[PDB]
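Data file: data-v8.csv. Format and content: CSV, C-alpha atoms and all ligand atoms.
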chain,number,residue,atom,x,y,z
A,1,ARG,CA,-21.0,29.8,-16.4
A,2,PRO,CA,-20.2,29.4,-20.2
A,3,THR,CA,-22.0,29.5,-23.6
A,4,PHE,CA,-23.8,26.1,-24.0
A,5,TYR,CA,-24.9,24.2,-27.1
A,6,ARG,CA,-27.3,21.2,-27.6
A,7,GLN,CA,-26.5,18.4,-30.1
A,8,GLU,CA,-27.5,14.7,-30.8
A,9,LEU,CA,-25.0,11.7,-31.0
A,10,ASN,CA,-26.5,8.1,-31.8
A,11,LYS,CA,-30.1,8.2,-30.2
A,12,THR,CA,-29.0,10.6,-27.2
A,13,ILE,CA,-28.9,14.3,-26.4
A,14,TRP,CA,-25.5,15.9,-25.6
A,15,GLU,CA,-25.7,19.4,-23.9
A,16,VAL,CA,-21.9,20.6,-23.9
A,17,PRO,CA,-20.2,24.1,-23.6
A,18,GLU,CA,-18.8,26.3,-26.5
A,19,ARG,CA,-15.2,25.1,-25.8
A,20,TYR,CA,-15.9,21.4,-26.5
A,21,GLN,CA,-15.6,21.1,-30.3
A,22,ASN,CA,-15.9,18.0,-32.6
A,23,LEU,CA,-17.5,15.0,-30.9
A,24,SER,CA,-17.6,11.3,-31.8
A,25,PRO,CA,-18.6,7.9,-30.1
A,26,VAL,CA,-15.3,6.1,-29.7
A,27,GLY,CA,-16.4,3.0,-27.8
A,28,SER,CA,-18.1,1.5,-24.8
A,29,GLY,CA,-17.2,3.2,-21.5
A,30,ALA,CA,-18.4,2.3,-18.0
A,31,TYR,CA,-21.7,4.0,-17.1
A,32,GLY,CA,-23.1,5.9,-20.1
A,33,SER,CA,-21.4,6.9,-23.4
A,34,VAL,CA,-18.0,8.5,-24.0
A,35,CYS,CA,-17.1,11.0,-26.7
A,36,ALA,CA,-13.8,12.0,-28.3
A,37,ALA,CA,-13.6,15.8,-28.2
A,38,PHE,CA,-11.1,18.7,-29.0
A,39,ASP,CA,-10.7,21.3,-26.2
A,40,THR,CA,-9.9,25.1,-26.5
A,41,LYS,CA,-9.1,26.8,-23.1
A,42,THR,CA,-6.2,24.1,-23.0
A,43,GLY,CA,-6.6,23.0,-26.7
A,44,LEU,CA,-6.0,19.2,-26.3
A,45,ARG,CA,-7.7,15.9,-27.5
A,46,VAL,CA,-10.1,14.8,-24.6
A,47,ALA,CA,-12.6,12.0,-23.7
A,48,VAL,CA,-16.0,13.1,-22.4
A,49,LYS,CA,-18.3,10.6,-20.5
A,50,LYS,CA,-22.1,11.3,-20.3
A,51,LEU,CA,-23.5,9.3,-17.4
A,52,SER,CA,-26.6,7.1,-18.0
A,53,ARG,CA,-29.5,8.4,-15.7
A,54,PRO,CA,-26.9,9.2,-12.9
A,55,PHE,CA,-29.7,9.7,-10.2
A,56,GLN,CA,-32.6,7.5,-11.5
A,57,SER,CA,-31.8,5.1,-8.7
A,58,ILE,CA,-30.1,4.7,-5.2
A,59,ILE,CA,-27.4,2.5,-6.9
A,60,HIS,CA,-26.8,5.1,-9.8
A,61,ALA,CA,-26.9,8.0,-7.2
A,62,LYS,CA,-24.3,6.3,-4.9
A,63,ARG,CA,-22.2,5.4,-8.0
A,64,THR,CA,-22.3,8.9,-9.6
A,65,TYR,CA,-21.0,10.5,-6.4
A,66,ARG,CA,-18.3,7.7,-6.0
A,67,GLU,CA,-16.6,8.3,-9.4
A,68,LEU,CA,-16.6,12.2,-9.3
A,69,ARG,CA,-14.7,11.7,-5.9
A,70,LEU,CA,-12.2,9.2,-7.1
A,71,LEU,CA,-11.2,11.5,-10.0
A,72,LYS,CA,-11.1,14.6,-7.8
A,73,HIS,CA,-8.4,12.7,-5.8
A,74,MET,CA,-6.3,10.7,-8.4
A,75,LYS,CA,-3.2,12.8,-9.1
A,76,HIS,CA,-0.7,10.3,-10.6
A,77,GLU,CA,0.7,10.0,-14.3
A,78,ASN,CA,-0.5,6.4,-15.0
A,79,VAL,CA,-3.9,7.0,-13.2
A,80,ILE,CA,-7.0,8.6,-14.9
A,81,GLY,CA,-7.4,12.3,-13.9
A,82,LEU,CA,-10.2,14.8,-14.1
A,83,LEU,CA,-9.9,17.7,-16.5
A,84,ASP,CA,-13.5,19.0,-16.1
A,85,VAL,CA,-16.9,18.1,-14.7
A,86,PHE,CA,-20.1,19.8,-16.0
A,87,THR,CA,-23.9,20.0,-16.1
A,88,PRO,CA,-26.4,22.1,-18.2
A,89,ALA,CA,-28.1,22.8,-14.8
A,90,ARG,CA,-29.0,26.3,-13.6
A,91,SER,CA,-29.9,24.9,-10.1
A,92,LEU,CA,-29.9,21.7,-7.9
A,93,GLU,CA,-33.7,21.2,-8.6
A,94,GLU,CA,-32.8,20.8,-12.3
A,95,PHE,CA,-29.4,18.9,-12.1
A,96,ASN,CA,-30.1,15.4,-13.5
A,97,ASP,CA,-27.2,15.3,-16.1
A,98,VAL,CA,-23.4,14.8,-15.4
A,99,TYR,CA,-20.4,14.8,-17.8
A,100,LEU,CA,-16.8,14.1,-16.8
A,101,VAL,CA,-13.8,15.0,-18.9
A,102,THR,CA,-10.1,13.8,-19.3
A,103,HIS,CA,-7.4,13.4,-22.1
A,104,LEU,CA,-7.9,10.9,-25.0
A,105,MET,CA,-5.0,8.4,-25.5
A,106,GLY,CA,-3.9,6.7,-28.7
A,107,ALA,CA,-5.5,3.2,-28.2
A,108,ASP,CA,-6.2,0.7,-25.4
A,109,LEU,CA,-3.9,-2.3,-24.6
A,110,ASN,CA,-6.6,-4.6,-26.2
A,111,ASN,CA,-6.4,-2.9,-29.7
A,112,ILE,CA,-2.6,-2.7,-29.2
A,113,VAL,CA,-2.1,-6.5,-28.6
A,114,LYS,CA,-4.5,-7.3,-31.5
A,115,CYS,CA,-1.7,-6.0,-33.8
A,116,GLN,CA,0.4,-7.7,-32.3
A,117,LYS,CA,3.0,-9.5,-30.1
A,118,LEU,CA,5.2,-7.1,-28.0
A,119,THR,CA,8.9,-7.5,-27.2
A,120,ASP,CA,10.7,-7.8,-23.8
A,121,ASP,CA,11.2,-4.0,-23.5
A,122,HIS,CA,7.6,-2.9,-24.5
A,123,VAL,CA,6.3,-5.4,-21.8
A,124,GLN,CA,8.8,-4.1,-19.2
A,125,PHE,CA,7.5,-0.5,-19.7
A,126,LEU,CA,3.8,-1.5,-19.8
A,127,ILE,CA,3.6,-3.8,-16.7
A,128,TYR,CA,5.9,-1.4,-14.7
A,129,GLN,CA,3.5,1.5,-15.5
A,130,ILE,CA,0.3,-0.6,-14.7
A,131,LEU,CA,1.7,-1.6,-11.3
A,132,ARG,CA,3.1,1.9,-10.6
A,133,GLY,CA,-0.5,3.1,-11.3
A,134,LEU,CA,-1.9,0.3,-9.0
A,135,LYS,CA,0.4,1.3,-6.1
A,136,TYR,CA,-1.1,4.9,-6.0
A,137,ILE,CA,-4.7,3.6,-6.3
A,138,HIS,CA,-4.0,0.9,-3.5
A,139,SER,CA,-2.5,3.1,-0.7
A,140,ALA,CA,-5.7,5.2,-0.9
A,141,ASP,CA,-7.4,1.8,0.0
A,142,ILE,CA,-9.1,1.2,-3.4
A,143,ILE,CA,-8.8,-2.0,-5.6
A,144,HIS,CA,-9.8,-2.2,-9.3
A,145,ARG,CA,-11.8,-5.6,-9.4
A,146,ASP,CA,-12.1,-5.5,-13.2
A,147,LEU,CA,-8.5,-4.9,-14.6
A,148,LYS,CA,-8.2,-6.1,-18.2
A,149,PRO,CA,-6.5,-4.6,-21.4
A,150,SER,CA,-9.6,-2.6,-22.5
A,151,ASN,CA,-9.4,-0.3,-19.4
A,152,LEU,CA,-5.6,0.2,-19.9
A,153,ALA,CA,-5.3,3.3,-22.2
A,154,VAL,CA,-2.0,4.0,-24.0
A,155,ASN,CA,-0.2,6.6,-26.1
A,156,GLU,CA,2.0,6.4,-29.2
A,157,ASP,CA,5.0,7.1,-26.9
A,158,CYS,CA,3.7,4.0,-24.7
A,159,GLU,CA,2.8,6.2,-21.7
A,160,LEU,CA,0.0,4.4,-19.8
A,161,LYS,CA,-3.3,5.3,-18.0
A,162,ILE,CA,-5.7,3.1,-15.9
A,163,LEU,CA,-9.5,3.5,-16.4
A,164,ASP,CA,-12.8,2.5,-14.8
A,165,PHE,CA,-11.2,1.9,-11.3
A,166,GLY,CA,-13.0,1.7,-7.9
A,167,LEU,CA,-16.4,1.3,-9.5
A,168,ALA,CA,-16.8,-2.6,-9.6
A,169,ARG,CA,-18.6,-4.6,-6.8
A,170,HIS,CA,-21.1,-7.5,-5.8
A,171,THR,CA,-14.0,-9.6,-17.6
A,172,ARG,CA,-13.8,-13.0,-15.7
A,173,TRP,CA,-10.8,-13.9,-18.0
A,174,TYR,CA,-8.5,-11.6,-15.9
A,175,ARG,CA,-10.7,-11.9,-12.7
A,176,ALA,CA,-9.0,-13.4,-9.6
A,177,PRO,CA,-10.0,-16.9,-8.6
A,178,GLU,CA,-10.9,-16.1,-4.9
A,179,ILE,CA,-13.1,-13.2,-5.9
A,180,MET,CA,-14.8,-15.5,-8.5
A,181,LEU,CA,-15.3,-18.6,-6.3
A,182,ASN,CA,-15.7,-16.7,-2.9
A,183,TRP,CA,-12.8,-18.8,-1.3
A,184,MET,CA,-11.3,-16.2,1.0
A,185,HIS,CA,-11.8,-12.8,2.8
A,186,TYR,CA,-9.9,-11.2,-0.2
A,187,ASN,CA,-7.6,-8.1,-0.5
A,188,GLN,CA,-6.1,-5.5,-2.9
A,189,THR,CA,-4.1,-8.4,-4.7
A,190,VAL,CA,-7.0,-9.5,-7.0
A,191,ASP,CA,-5.6,-7.1,-9.6
A,192,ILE,CA,-2.1,-8.6,-9.1
A,193,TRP,CA,-3.8,-11.7,-10.6
A,194,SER,CA,-5.1,-9.5,-13.5
A,195,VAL,CA,-1.7,-8.1,-14.4
A,196,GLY,CA,-0.2,-11.6,-14.8
A,197,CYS,CA,-3.1,-12.5,-17.2
A,198,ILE,CA,-2.3,-9.3,-19.0
A,199,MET,CA,1.7,-9.7,-18.9
A,200,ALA,CA,1.6,-13.2,-20.2
A,201,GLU,CA,-0.8,-12.1,-23.0
A,202,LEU,CA,1.5,-9.3,-24.2
A,203,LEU,CA,4.3,-12.0,-24.1
A,204,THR,CA,2.5,-14.6,-26.3
A,205,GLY,CA,-0.4,-12.9,-28.2
A,206,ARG,CA,-2.6,-15.6,-26.6
A,207,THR,CA,-5.4,-15.1,-23.9
A,208,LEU,CA,-4.1,-17.1,-20.9
A,209,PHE,CA,-7.6,-18.0,-19.8
A,210,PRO,CA,-10.4,-17.5,-22.5
A,211,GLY,CA,-12.8,-19.6,-20.4
A,212,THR,CA,-16.6,-19.8,-21.0
A,213,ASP,CA,-18.3,-19.7,-17.6
A,214,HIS,CA,-17.3,-19.8,-13.8
A,215,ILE,CA,-16.7,-23.6,-14.2
A,216,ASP,CA,-14.7,-23.6,-17.5
A,217,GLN,CA,-12.7,-20.5,-16.6
A,218,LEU,CA,-11.5,-22.1,-13.3
A,219,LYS,CA,-10.8,-25.5,-15.0
A,220,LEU,CA,-8.5,-23.3,-17.4
A,221,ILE,CA,-7.0,-21.7,-14.2
A,222,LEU,CA,-5.8,-24.9,-12.4
A,223,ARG,CA,-4.8,-26.2,-15.9
A,224,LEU,CA,-1.8,-23.9,-15.3
A,225,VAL,CA,-1.5,-23.1,-11.5
A,226,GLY,CA,-2.1,-26.8,-10.3
A,227,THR,CA,-5.0,-27.8,-8.0
A,228,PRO,CA,-4.9,-26.3,-4.4
A,229,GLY,CA,-2.4,-28.1,-2.2
A,230,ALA,CA,-2.2,-29.0,1.5
A,231,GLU,CA,-1.5,-25.3,2.5
A,232,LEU,CA,-4.4,-23.9,0.5
A,233,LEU,CA,-7.2,-26.6,0.9
A,234,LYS,CA,-7.2,-25.8,4.7
A,235,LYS,CA,-7.8,-22.0,4.2
A,236,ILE,CA,-10.9,-22.1,1.8
A,237,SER,CA,-14.2,-21.9,3.8
A,238,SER,CA,-16.9,-21.7,1.0
A,239,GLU,CA,-18.8,-25.0,1.7
A,240,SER,CA,-19.9,-25.2,-2.0
A,241,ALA,CA,-16.4,-24.5,-3.4
A,242,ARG,CA,-14.5,-26.2,-0.5
A,243,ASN,CA,-16.4,-29.5,-1.5
A,244,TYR,CA,-16.3,-28.5,-5.2
A,245,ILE,CA,-12.4,-28.5,-5.6
A,246,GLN,CA,-11.6,-32.0,-4.0
A,247,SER,CA,-14.0,-33.4,-6.7
A,248,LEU,CA,-11.9,-32.2,-9.7
A,249,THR,CA,-9.2,-34.2,-11.6
A,250,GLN,CA,-5.7,-34.2,-9.7
A,251,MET,CA,-3.5,-31.7,-11.7
A,252,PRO,CA,0.1,-30.6,-11.1
A,253,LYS,CA,1.6,-27.1,-11.4
A,254,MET,CA,3.1,-26.3,-14.8
A,255,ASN,CA,6.5,-24.8,-15.3
A,256,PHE,CA,6.1,-21.1,-16.5
A,257,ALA,CA,9.4,-21.8,-18.4
A,258,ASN,CA,7.7,-24.7,-20.3
A,259,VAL,CA,4.7,-22.3,-20.9
A,260,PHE,CA,6.3,-19.0,-21.7
A,261,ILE,CA,9.0,-20.5,-23.9
A,262,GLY,CA,11.8,-18.1,-24.8
A,263,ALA,CA,10.6,-15.5,-22.2
A,264,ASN,CA,13.2,-13.5,-20.2
A,265,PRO,CA,13.9,-15.6,-17.1
A,266,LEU,CA,12.8,-12.6,-14.7
A,267,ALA,CA,9.4,-12.5,-16.5
A,268,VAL,CA,8.8,-16.2,-15.9
A,269,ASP,CA,9.8,-15.6,-12.1
A,270,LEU,CA,7.5,-12.6,-11.6
A,271,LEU,CA,4.5,-14.3,-13.5
A,272,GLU,CA,4.9,-17.2,-11.0
A,273,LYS,CA,4.6,-14.9,-8.0
A,274,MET,CA,1.4,-13.4,-9.8
A,275,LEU,CA,-0.7,-16.4,-10.4
A,276,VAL,CA,-0.5,-17.6,-6.8
A,277,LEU,CA,-3.8,-19.0,-5.5
A,278,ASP,CA,-3.0,-17.8,-2.0
A,279,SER,CA,-4.4,-14.2,-1.7
A,280,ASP,CA,-2.0,-13.7,1.3
A,281,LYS,CA,1.2,-15.4,-0.2
A,282,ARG,CA,0.7,-13.4,-3.6
A,283,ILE,CA,3.0,-10.4,-4.3
A,284,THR,CA,1.8,-6.7,-3.9
A,285,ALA,CA,2.0,-3.6,-6.3
A,286,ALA,CA,4.9,-2.1,-4.4
A,287,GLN,CA,6.6,-5.5,-3.9
A,288,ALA,CA,6.3,-6.3,-7.7
A,289,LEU,CA,8.0,-2.9,-8.6
A,290,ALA,CA,11.1,-3.8,-6.4
A,291,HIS,CA,11.6,-7.0,-8.7
A,292,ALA,CA,14.8,-7.4,-10.8
A,293,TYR,CA,12.7,-7.4,-14.1
A,294,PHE,CA,12.0,-3.6,-13.5
A,295,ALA,CA,15.7,-2.8,-12.4
A,296,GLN,CA,16.0,-0.1,-15.1
A,297,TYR,CA,12.6,1.6,-14.7
A,298,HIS,CA,12.2,1.2,-10.8
A,299,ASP,CA,13.2,4.2,-8.6
A,300,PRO,CA,11.2,4.3,-5.2
A,301,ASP,CA,11.6,8.2,-5.2
A,302,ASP,CA,9.3,8.4,-8.4
A,303,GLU,CA,6.6,5.9,-7.4
A,304,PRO,CA,4.3,8.0,-5.1
A,305,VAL,CA,1.6,6.9,-2.7
A,306,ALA,CA,-1.7,8.8,-2.4
A,307,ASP,CA,-3.0,11.7,-0.2
A,308,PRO,CA,-5.5,10.3,2.3
A,309,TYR,CA,-8.9,9.4,0.6
A,310,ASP,CA,-12.1,9.4,2.7
A,311,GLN,CA,-14.4,6.4,2.0
A,312,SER,CA,-16.9,7.3,4.9
A,313,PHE,CA,-19.7,7.7,2.3
A,314,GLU,CA,-19.2,4.1,1.1
A,315,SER,CA,-21.0,2.4,4.1
A,316,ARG,CA,-23.6,5.3,4.3
A,317,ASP,CA,-27.2,4.8,3.2
A,318,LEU,CA,-28.6,8.1,1.9
A,319,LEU,CA,-31.6,9.3,-0.2
A,320,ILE,CA,-31.4,10.3,-3.9
A,321,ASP,CA,-31.7,14.1,-3.2
A,322,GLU,CA,-28.9,13.7,-0.5
A,323,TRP,CA,-26.5,12.1,-3.1
A,324,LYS,CA,-27.8,14.3,-6.0
A,325,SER,CA,-26.9,17.3,-3.8
A,326,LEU,CA,-23.5,15.9,-2.6
A,327,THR,CA,-22.5,15.4,-6.3
A,328,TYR,CA,-24.0,18.9,-7.2
A,329,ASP,CA,-21.9,20.4,-4.4
A,330,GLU,CA,-18.7,18.5,-5.8
A,331,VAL,CA,-19.6,19.6,-9.5
A,332,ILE,CA,-20.0,23.3,-8.6
A,333,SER,CA,-16.9,23.3,-6.2
A,334,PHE,CA,-14.3,21.6,-8.5
A,335,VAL,CA,-11.2,23.7,-9.5
A,336,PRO,CA,-9.3,23.0,-12.9
A,337,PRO,CA,-5.8,21.4,-12.9
A,338,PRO,CA,-2.7,23.6,-12.8
A,339,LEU,CA,-0.4,23.9,-15.9
A,401,LIG,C1,-8.5,6.3,-28.8
A,401,LIG,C2,-8.5,5.0,-27.9
A,401,LIG,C3,-8.2,5.3,-26.5
A,401,LIG,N1,-9.2,6.0,-25.8
A,401,LIG,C4,-9.0,6.6,-24.6
A,401,LIG,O1,-7.9,7.1,-24.2
A,401,LIG,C5,-10.2,6.5,-23.6
A,401,LIG,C6,-11.1,5.6,-23.7
A,401,LIG,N2,-12.1,5.8,-22.7
A,401,LIG,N3,-13.2,5.2,-22.4
A,401,LIG,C7,-14.0,5.5,-21.4
A,401,LIG,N4,-13.6,6.6,-20.5
A,401,LIG,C8,-12.5,7.3,-20.7
A,401,LIG,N5,-12.3,8.3,-19.8
A,401,LIG,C9,-12.9,8.4,-18.6
A,401,LIG,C10,-12.6,7.5,-17.6
A,401,LIG,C11,-13.2,7.5,-16.3
A,401,LIG,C12,-12.8,6.4,-15.3
A,401,LIG,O2,-11.8,5.8,-15.6
A,401,LIG,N6,-13.5,6.3,-14.2
A,401,LIG,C13,-12.7,6.1,-12.9
A,401,LIG,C14,-13.5,4.9,-12.5
A,401,LIG,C15,-13.5,6.2,-11.7
A,401,LIG,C16,-14.3,8.4,-16.1
A,401,LIG,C17,-14.6,9.3,-17.1
A,401,LIG,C18,-14.0,9.3,-18.4
A,401,LIG,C19,-14.4,10.3,-19.5
A,401,LIG,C20,-11.6,6.9,-21.9
A,401,LIG,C21,-10.5,7.4,-22.4
A,401,LIG,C22,-9.6,8.5,-22.0

Mind turning this structure into structure tokens?
Amino acid sequence: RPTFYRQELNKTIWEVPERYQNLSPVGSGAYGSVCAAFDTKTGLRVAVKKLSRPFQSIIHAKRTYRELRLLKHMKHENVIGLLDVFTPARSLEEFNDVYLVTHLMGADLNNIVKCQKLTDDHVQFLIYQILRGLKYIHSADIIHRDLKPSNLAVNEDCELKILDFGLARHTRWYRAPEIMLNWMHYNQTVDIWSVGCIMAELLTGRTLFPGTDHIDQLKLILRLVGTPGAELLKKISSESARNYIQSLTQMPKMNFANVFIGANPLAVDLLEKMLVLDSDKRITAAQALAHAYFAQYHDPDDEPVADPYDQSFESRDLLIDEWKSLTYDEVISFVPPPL
């Protein structure tokens, strides 16, 4: 147990140990507020997330537990890790606050692309790194479901980290069409759609699909991928959507050569295999890595798959004290990473 201290940061109380020096609200992080802090027992520049009412609800309680378990398992370079997990709690019948810690990067891929367009080598390193992150996440049977530049954290030396994974359920701009229109059974390839919306954007400095609603967004989608054909229009079941498509203007597929003008031929080819409207035809994270474009970066011997990750709790219906105890048990039981 360490020396604690109580401070305030923009209308909220922040109870954090002696070691966590200098704090500052850097931006909007999933579930609660995040702070930029400077460590001591390691002495680095970290990010600290204070969860918003983590146990106030059955949703919040099942989502507090979920995250703490994803980060206690994710040991891969381009995947967000867990440096520390703390509470000001003396007991379990007190424990109603949770804070998780990990390194702070330079900027996110959204603030990177704003200033400005990135060459055919920056892109090679960034997409490779995104997908190599995805491959580790995926083999542990987790999908992202909300992959977009803002959750893709990067360093000055271009080294990448994926954020806010495995939490999403129930940005649309990088969201897969089948998960947005409820067309098919769906799989881990909804993020493979996201990377092609990201890739293309680092290659043009232009949001591929800056649509306005579920209707405008999709109209922007076909406006590039061509209306579902004879192979696809059979597969879709969704009575509303299945009847909705055949009532749109007949559009052809565009040439990704005549869209991404000047682009390295292999980028055009991989993009094509990314914006496929067939969730079963579409390429996978591991498949995408063995593509000629990543010839120089790719080495299957340094692209690892994850240690088995237990999701048995994900179908479970438990009470708040049950969850609040499971998380408490995981908070107290965590052991720092080895240097
Ligand atoms: C200087 C601009 C760049 N800033 C960053 O590097 C950076 C921004 N953020 N924003 C939110 N959470 C972070 N970290 C974080 C991420 C998760 C996370 O990704 N959750 C996984 C979904 C289960 C959980 C807790 C925390 C503190 C984080 C980091 C590191």

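Minimum atom-to-atom distance to ligand LIG 401 (chain A), evaluated using only C-alpha atoms and all ligand atoms, belongs to A:162 out of A:162, A:17, A:4, A:37.
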
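Counting from atom CA of residue 81 of chain A, the distance to atom CA of residue 97 of chain A is 20.1 Å.
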
Could you list, as a tab-separated table (two decimals) with C-alpha atoms, in the frame of the given file, all protein and nucleic acid residues with an atom at most 9 Å from ligand LIG 401 (chain A), counting all atoms listed in the file?
chain	number	residue	atom	x	y	z
A	26	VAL	CA	-15.30	6.10	-29.70
A	27	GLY	CA	-16.40	3.00	-27.80
A	28	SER	CA	-18.10	1.50	-24.80
A	29	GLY	CA	-17.20	3.20	-21.50
A	30	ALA	CA	-18.40	2.30	-18.00
A	31	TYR	CA	-21.70	4.00	-17.10
A	33	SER	CA	-21.40	6.90	-23.40
A	34	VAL	CA	-18.00	8.50	-24.00
A	35	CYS	CA	-17.10	11.00	-26.70
A	36	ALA	CA	-13.80	12.00	-28.30
A	46	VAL	CA	-10.10	14.80	-24.60
A	47	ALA	CA	-12.60	12.00	-23.70
A	48	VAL	CA	-16.00	13.10	-22.40
A	49	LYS	CA	-18.30	10.60	-20.50
A	50	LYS	CA	-22.10	11.30	-20.30
A	51	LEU	CA	-23.50	9.30	-17.40
A	66	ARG	CA	-18.30	7.70	-6.00
A	67	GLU	CA	-16.60	8.30	-9.40
A	68	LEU	CA	-16.60	12.20	-9.30
A	69	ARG	CA	-14.70	11.70	-5.90
A	70	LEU	CA	-12.20	9.20	-7.10
A	71	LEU	CA	-11.20	11.50	-10.00
A	79	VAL	CA	-3.90	7.00	-13.20
A	80	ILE	CA	-7.00	8.60	-14.90
A	81	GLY	CA	-7.40	12.30	-13.90
A	82	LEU	CA	-10.20	14.80	-14.10
A	99	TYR	CA	-20.40	14.80	-17.80
A	100	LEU	CA	-16.80	14.10	-16.80
A	101	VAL	CA	-13.80	15.00	-18.90
A	102	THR	CA	-10.10	13.80	-19.30
A	103	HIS	CA	-7.40	13.40	-22.10
A	104	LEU	CA	-7.90	10.90	-25.00
A	105	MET	CA	-5.00	8.40	-25.50
A	106	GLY	CA	-3.90	6.70	-28.70
A	107	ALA	CA	-5.50	3.20	-28.20
A	108	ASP	CA	-6.20	0.70	-25.40
A	109	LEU	CA	-3.90	-2.30	-24.60
A	111	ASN	CA	-6.40	-2.90	-29.70
A	144	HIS	CA	-9.80	-2.20	-9.30
A	150	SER	CA	-9.60	-2.60	-22.50
A	151	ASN	CA	-9.40	-0.30	-19.40
A	152	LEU	CA	-5.60	0.20	-19.90
A	153	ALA	CA	-5.30	3.30	-22.20
A	154	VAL	CA	-2.00	4.00	-24.00
A	155	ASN	CA	-0.20	6.60	-26.10
A	161	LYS	CA	-3.30	5.30	-18.00
A	162	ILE	CA	-5.70	3.10	-15.90
A	163	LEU	CA	-9.50	3.50	-16.40
A	164	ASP	CA	-12.80	2.50	-14.80
A	165	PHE	CA	-11.20	1.90	-11.30
A	166	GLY	CA	-13.00	1.70	-7.90
A	167	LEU	CA	-16.40	1.30	-9.50
A	168	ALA	CA	-16.80	-2.60	-9.60

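Closest approach to residue 278 of chain A among A:190, A:200, A:306, A:254: A:190, based on only C-alpha atoms.
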
For this session: Can you work out which one of A:222, A:180, A:267, A:236 has the shortest atom-to-atom distance to residue 250 of chain A, counting all atoms listed in the file?
Result: A:222

Problem set entry | Residue list as an MDAnalysis selection string for point (-19.6, 3.0, 1.9), cut-off 12 Å, only C-alpha atoms | chainID A and resid 59 62:63 65:66 142 166:167 169 310:318

Can those selected residues be exported to a file as an mmCIF file, keeping the file's coordinate frame so that it contains C-alpha atoms?
data_model
loop_
_atom_site.group_PDB
_atom_site.id
_atom_site.type_symbol
_atom_site.label_atom_id
_atom_site.label_comp_id
_atom_site.auth_asym_id
_atom_site.auth_seq_id
_atom_site.Cartn_x
_atom_site.Cartn_y
_atom_site.Cartn_z
ATOM 1 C CA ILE A 59 -27.400 2.500 -6.900
ATOM 2 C CA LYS A 62 -24.300 6.300 -4.900
ATOM 3 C CA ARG A 63 -22.200 5.400 -8.000
ATOM 4 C CA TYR A 65 -21.000 10.500 -6.400
ATOM 5 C CA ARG A 66 -18.300 7.700 -6.000
ATOM 6 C CA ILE A 142 -9.100 1.200 -3.400
ATOM 7 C CA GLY A 166 -13.000 1.700 -7.900
ATOM 8 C CA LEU A 167 -16.400 1.300 -9.500
ATOM 9 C CA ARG A 169 -18.600 -4.600 -6.800
ATOM 10 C CA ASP A 310 -12.100 9.400 2.700
ATOM 11 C CA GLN A 311 -14.400 6.400 2.000
ATOM 12 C CA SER A 312 -16.900 7.300 4.900
ATOM 13 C CA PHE A 313 -19.700 7.700 2.300
ATOM 14 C CA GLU A 314 -19.200 4.100 1.100
ATOM 15 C CA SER A 315 -21.000 2.400 4.100
ATOM 16 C CA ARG A 316 -23.600 5.300 4.300
ATOM 17 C CA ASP A 317 -27.200 4.800 3.200
ATOM 18 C CA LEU A 318 -28.600 8.100 1.900
#

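Residue nearest residue 75 of chain A, chosen from A:25, A:88, A:133, A:177 and counting all atoms listed in the file: A:133.
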
For this session: Have a look at atom CA of residue 297 of chain A and atom CA of residue 171 of chain A and let me know their distance in Å, one decimal.
Result: 29.0 Å

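Across the model, the gap from atom CA of residue 1 of chain A to atom CA of residue 87 of chain A is 10.2 Å.
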
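Restricting the calculation to only C-alpha atoms, the smallest distance between residue 327 of chain A and any of A:55, A:14, A:5, A:125 is found for A:55.
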
Seminar exercise, completed: Residue with the minimum atom-to-atom distance to residue 76 of chain A, picked from A:160, A:319, A:192, A:332 with all atoms listed in the file counted, is A:160

Write a file for segment 199-218 of chain A of the given structure; include C-alpha atoms and format it as a PDB file, in the first residue's frame.
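Dumped to out_1.pdb:
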ATOM      1  CA  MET A 199      -5.196   3.602 -45.152  1.00  0.00           C
ATOM      2  CA  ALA A 200      -6.906   5.498 -47.978  1.00  0.00           C
ATOM      3  CA  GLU A 201      -7.137   8.643 -45.653  1.00  0.00           C
ATOM      4  CA  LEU A 202      -3.377   8.630 -44.859  1.00  0.00           C
ATOM      5  CA  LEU A 203      -2.862   8.265 -48.690  1.00  0.00           C
ATOM      6  CA  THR A 204      -5.087  11.299 -49.639  1.00  0.00           C
ATOM      7  CA  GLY A 205      -5.718  13.541 -46.602  1.00  0.00           C
ATOM      8  CA  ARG A 206      -9.431  13.104 -47.364  1.00  0.00           C
ATOM      9  CA  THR A 207     -12.007  11.194 -45.271  1.00  0.00           C
ATOM     10  CA  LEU A 208     -13.192   8.402 -47.600  1.00  0.00           C
ATOM     11  CA  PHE A 209     -16.712   8.369 -46.108  1.00  0.00           C
ATOM     12  CA  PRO A 210     -17.637  11.581 -44.152  1.00  0.00           C
ATOM     13  CA  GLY A 211     -21.338  10.619 -44.280  1.00  0.00           C
ATOM     14  CA  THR A 212     -24.054  12.200 -42.134  1.00  0.00           C
ATOM     15  CA  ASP A 213     -26.426   9.386 -40.991  1.00  0.00           C
ATOM     16  CA  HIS A 214     -26.918   5.587 -41.587  1.00  0.00           C
ATOM     17  CA  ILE A 215     -28.543   6.459 -44.946  1.00  0.00           C
ATOM     18  CA  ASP A 216     -25.993   9.122 -46.210  1.00  0.00           C
ATOM     19  CA  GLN A 217     -22.991   7.117 -44.920  1.00  0.00           C
ATOM     20  CA  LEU A 218     -24.070   4.004 -46.928  1.00  0.00           C
TER      21      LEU A 218
END
